[PDB]
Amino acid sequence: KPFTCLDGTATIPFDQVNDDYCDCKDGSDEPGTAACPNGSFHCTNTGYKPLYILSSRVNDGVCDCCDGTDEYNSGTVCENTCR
């Protein structure tokens, strides 16, 4: 099946979810990347409070989440500090 933007603006093939290009006006098709200006990246942050961050801070080379999962392809290795 295809994916539908949560705001109903479009329906796209599921291979355009997290394909590093913003296809949904609400940013819902790119929860795991920095592609959308209004998106959010969810940090589970086990051992502390889970956090939402701006999509623009995914792989920006800055450690935003204590669990470090926002930096997975940036050259910055973030140690886990959720303690």
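Numbers follow the displayed sequence, beginning with 1.
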Where do the C-alpha atoms have the higher mean temperature factor in this entry, in 8-16 or in 66-74? 8-16
Using the B-factors recorded in the PDB entry, average over the C-alpha atoms of 18-26 and of 56-64, then report which stretch comes out higher. 18-26
Please rank the C-alpha B-factors of the chain's modelled residues and tell me whether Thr44 sits in the lowest, middle or highest third. highest
Third of the chain, ranked by Cα B-factor, where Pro50 sits: highest
